[PDB]
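Understanding the architecture of this molecule
The lines below spell out each chain.
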Amino acid sequence: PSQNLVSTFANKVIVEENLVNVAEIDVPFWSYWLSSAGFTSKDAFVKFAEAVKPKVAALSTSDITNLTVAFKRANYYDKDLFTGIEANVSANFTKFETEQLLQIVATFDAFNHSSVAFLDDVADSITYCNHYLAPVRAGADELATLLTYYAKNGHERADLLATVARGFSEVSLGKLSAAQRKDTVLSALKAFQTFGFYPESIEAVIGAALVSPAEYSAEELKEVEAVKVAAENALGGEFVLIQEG
Amino acid sequence: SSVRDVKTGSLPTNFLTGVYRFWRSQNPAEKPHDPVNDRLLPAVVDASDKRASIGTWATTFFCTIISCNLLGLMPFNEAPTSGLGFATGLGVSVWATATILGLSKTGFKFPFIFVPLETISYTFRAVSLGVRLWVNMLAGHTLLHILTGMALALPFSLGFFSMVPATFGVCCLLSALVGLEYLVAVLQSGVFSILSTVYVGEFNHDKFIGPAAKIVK
Amino acid sequence: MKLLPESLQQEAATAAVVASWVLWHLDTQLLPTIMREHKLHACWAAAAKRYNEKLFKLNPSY
Amino acid sequence: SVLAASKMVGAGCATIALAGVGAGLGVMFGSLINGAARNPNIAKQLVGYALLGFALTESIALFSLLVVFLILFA
Amino acid sequence: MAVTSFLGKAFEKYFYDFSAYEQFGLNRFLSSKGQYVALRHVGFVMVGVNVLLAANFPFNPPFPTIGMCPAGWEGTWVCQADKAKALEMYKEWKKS
Amino acid sequence: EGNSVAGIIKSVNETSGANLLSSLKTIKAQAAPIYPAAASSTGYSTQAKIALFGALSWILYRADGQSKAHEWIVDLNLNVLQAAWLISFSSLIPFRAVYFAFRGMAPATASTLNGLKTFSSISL
Amino acid sequence: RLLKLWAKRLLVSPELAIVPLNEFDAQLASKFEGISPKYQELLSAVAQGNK
Ligand SMILES: [Zn+2]
């Protein structure tokens, strides 16, 4: 008679409601690990958002980036919740590290959520409150996401551009796959042309499109050559490729 | 979950700073061809990422070996290093660390009769690095024990307070021997870590991913 | 007098445990403190000229 | 006990190599004195080489003594 | 009232202030202070080995004697080179 | 714990002109760093007593095992030969010069802090 | 207000009293490294403290 008993136990106790009811104690922890394991259901994250919504403003930075990455993976946008997360980031921006801010800005770039104060606090935290080689450990897709975020919102911060231009090099772009490198180079060159800012490290972006121009279409090559001529005029010389020697 | 407070400028902090900077200076980084600026800074950071932490490893081995070597000279104490398995395990550990680094550089691929002869010449570093330090510690303790018995015999068979000059001379010889053992303890710890640095710096060399494209002026 | 111990693997594992503890204690407890002192002094000594020139340019008191 | 007798004879013949390593070590330390007399401005560098040299030279003594132990107490 | 405070202060006063190089006036017999430190080192070794040997004796030594006895035990049970024979001779010497 | 210079500014602005030169020393002493005074001398720590009793138990256990050993008297005399050198190192080593040599080993203590100068951060 | 403004400055950093006011502009320059070194080591050594 054990099979009828385990059928009664299996449909009433181990359910999604008790799953989201045991996940109320540490909800950015549980939402992060449940979203990484693949549990991306909408109604659970509707419950999760009103679970965090009082206690967002006193969360840790790791819990804030965990909650923000979890809601990026669930693709659920709650305007009051992300206003609370943005107020948390803007409150204690000095505590946040660059990798956490890049994940938070990736989530805030997936939606169209931005304030002027949030953008200034993220740029101040990446530029001044964090190590200047933290874009080097980033990975160029995260930095290109941040560059396209600041370009879309039109916020011009030349110090932040000089900071996240450091992360673009042969190393970080060589870590990417070919399609991801093409997407990252197009995003970074479009953002740098939007801001009118051509650093010395834009050429490692431009070279990443010109060493392998087989994946680039003709209009994309025209865009890359436009940014190449603009960077040649700004930096004060002509763009050559360096061979092996 | 609360850490202790440290005075800035303590003597152990200063000693370990000097020791770490020494073993870090044993394998210096190569100067790039381009000037170091923000274009070259990820290349420098990746060069530091590819370089093994021979400063930390050599400081580790120096501190543990000088601690055991000086433990041999405290009373009621023998060195752990005078054991065969301890010292030769440290030696085979440094040789295997250098070998594992060099194998991982070559894509985890193992390496015209010059190749087995150089293989034996390289493989003998595993024996030599541990047997040198272990043999020196074992010989010093063994020499002291044999010498102590002769010194004990002099006042055992010539009276306790009846032979002063010969007992004084042989105790001068024994005391100079223990001072030599202090010198050999410090020297063999330094020698182990220097040879550790050269053995791993044989494989510390890597490729500098510099700029592939540049604005010329 | 014996050259070999009772177990060579036990003495090798003792050496590995002692050296791995020295490695963890060095990387975790000693080197953070050392680099806090050293990099504070070194950052000030490396940035004294640029810092004082930048602060001299920002200062409106002259 | 002819095996133990040959063990004593073999160890006593085994430690002849300490003569050659002591002559070499004295040559190296005399050259260290000479090189410090030629150029004392780098003398604290040279002593380092001397210690390193003594290091590897000492090893040839210990591979002697190890054989002595492998003759005596194996 | 405390013990470790008085022990620290007393060992400080013995370590730093009490100096038998000047209290006994040994600057006339010895040249320098470092010579006194070397001779006090070797004298410490001599007194220590004599206290150990003097402490427990008469015994058959495990260290190799150079064919010399203590001048009172020519062949009793102290100078015996064979150890089991020395053990049974010690037994018939302990029965007395 | 707020900014002490902000407390200096508030306390100086809160005084009147007659009270200023009188209250400057108390405004100095209010925003001055805490250097905590010496507490009452207590017993040894739990860890200090554990260290001393464990060292004594290790010394007694090793002396017992050295007594049990085959060449026992030369073990107990090796202890004398090592304690002699630990005695002579207290007399020989120039501990002030060794302290300042170790201070020269680290660059943080080898030089003074060369940092902010007065003429850059002045506020007239 | 002037006594209060100088009181805050001489409370935070009392080493400004060793430069007379009438000579202060005589010390400056366009670059910070060009400031006259007459008072610089004295300012640093007084700022290090009373001991
Ligand atoms: Zn021993």
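Here is what the cut-offs are and how they apply
Residues numbered from 1 in each chain as written, not as in the entry; some residues may be left out. Chains lettered and ligands numbered in written order. Part of a larger assembly, values for the part shown. Heavy atoms only, no water. Residues with missing side-chain atoms left out of burial classes, pairs and counts. Contact = heavy atoms within 4.5 Å. Buried area = accessible area lost by both parts, 1.4 Å probe. Salt bridge = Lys/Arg side-chain N within 4 Å of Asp/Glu carboxyl O. Polar contact = N/O pair within 3.5 Å; in protein donor to acceptor, adjacent residues only side chain to side chain. Helix = DSSP H or I, 4+ residues; strand = E, 2+ residues; numbered from the N terminus. Nonpolar A, V, L, I, M, F, W, Y, C, P; charged D, E, K, R; others polar. Pairing = 2+ DSSP bridges. Donors = N, O, S within 2.8 Å, 3.2 Å for Na, K, Ca; no water. Buried < 20%, exposed > 50% of the residue type's maximum accessible area, 1.4 Å probe, protein only. Axes fitted to C-alpha atoms, helices over the stretch in contact; angles between N-to-C directions. Parallel < 35°, antiparallel > 145°, perpendicular 65-115°, else oblique. Left-handed = near helix turned anticlockwise from the far one by under 90°. Disulfide = S-S within 2.5 Å. Expected span 1.5 Å × (residues − 1).

Method of structure determination, per the deposited record: cryo-EM was used for this entry, reaching 3.08 Å resolution.

The interface is formed by 25 residues belonging to chain B together with 25 residues belonging to chain F. Between chain B and chain F, a total of about 2300 Å² is buried, with carbon and sulfur atoms accounting for 70% of that surface. Taken as a group, B:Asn14, B:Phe76 and B:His145 account for 28% of the area that chain B buries against chain F, more than any other trio of residues on that side. Viewed at the interface, chain F and chain B are joined by 1 salt bridge.

Attention now moves to the interface of chain A and chain B. Each side of the interface is counted separately: chain A has 23 residues, and chain B has 17 residues. Regarding the contact of chain A and chain B, the summed buried area is about 1900 Å², with carbon and sulfur atoms giving 62% of it. For the interface between chain A and chain B, the tally reads 4 salt bridges. The partner of A:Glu170 in a salt bridge is B:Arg39, and the shortest N-O contact between them spans 2.5 Å. At the junction of chain A with chain B, the criterion picks out 9 residue pairs in polar contact. Secondary structure elements with two or more residues in the side of chain A that touches chain B: α11 (170-174), α13 (203-210), α14 (218-235) and β1 (239-241) of chain A. A per-class count over the side of chain A that touches chain B returns 10 nonpolar, 5 polar and 8 charged. Where β1(A) and strand β1 (residues 213-215) of chain B come together, 3 bridges link them in antiparallel fashion. Pairing of A:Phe239 across the sheet is with B:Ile215, part of β1(B).

Glancing now at the coordination of the zinc ion. In an ideal tetrahedron of four donors about a metal, each angle is 109.5 degrees. In an ideal octahedron of six donors, the angles are 90 or 180 degrees. Protein ligation of the zinc ion involves B:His141 (NE2) and B:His145 (NE2), the donor distances falling in the range 1.9 to 2.2 Å. Of this pair, B:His141 and B:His145 are both found in helix α5 (residues 114-156), 4 residues apart, which corresponds to roughly one turn of the helix.

Before going further, it helps to spend a moment on the side chain of F:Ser11. All names here are of chain F. Secondary-structure assignment places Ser 11 in helix α1 (residues 4-14). Look at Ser 11 and you get buried, because its relative accessible area is 17%. In this structure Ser 11 touches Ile 27 and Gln 30, once residues within four positions along its chain are discounted.

This next bit is on the packing of helix α2 (residues 33-55) of chain E against helix α4 (residues 72-92) of chain F. Between two packed helices, what matters for the description is the angle formed by their axes and the separation of those axes. At their nearest, the axes of α2(E) and α4(F) sit 9 Å apart, and the two run at 155 degrees to each other. In terms of orientation, α2(E) and α4(F) fall into the roughly antiparallel class. Note on packing geometry: the crossing formed by α2(E) with α4(F) is right-handed. Residues E:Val37, E:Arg40, E:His41, E:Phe44, E:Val45, E:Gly48, E:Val49, E:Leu52 and E:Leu53 of α2(E) form the contact with α4(F), whose participating residues are F:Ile73, F:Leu76, F:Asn77, F:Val80, F:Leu81, F:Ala83, F:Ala84, F:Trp85, F:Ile87, F:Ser88, F:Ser91 and F:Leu92. Of the residues in the contact of α2(E) with α4(F), the class split is 15 nonpolar, 5 polar and 1 charged.

Another point: the state of the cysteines. A covalent bond between the sulfur atoms of two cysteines is what we call a disulfide. A full pass over the atoms with the stated rule returns 1 disulfide over all chains. Between the sulfur atoms of E:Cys69 and its disulfide mate E:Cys79 the distance is 2.2 Å. Of this pair, E:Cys69 sits in the loop between α2 and α3 (83-94) while E:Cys79 sits in the loop between α2 and α3, and the two are 10 residues apart along the sequence. For B:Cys68, which is in no disulfide, the shortest distance to another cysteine sulfur is to B:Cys63 and amounts to 11 Å. Since its relative accessible area comes to 5%, B:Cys68 is described here as buried. As a non-bridged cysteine, B:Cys171 has B:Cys172 as the owner of its nearest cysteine sulfur, 7.5 Å distant.

A separate point is helix α4 (residues 84-105) of chain B. Taking 1.5 Å of rise per residue, 22 residues should cover 32 Å, and α4(B) covers 31 Å from first to last C-alpha, within 8% of that figure. Positive phi shows up at B:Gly107, right after α4(B), with a value of about 70 degrees.

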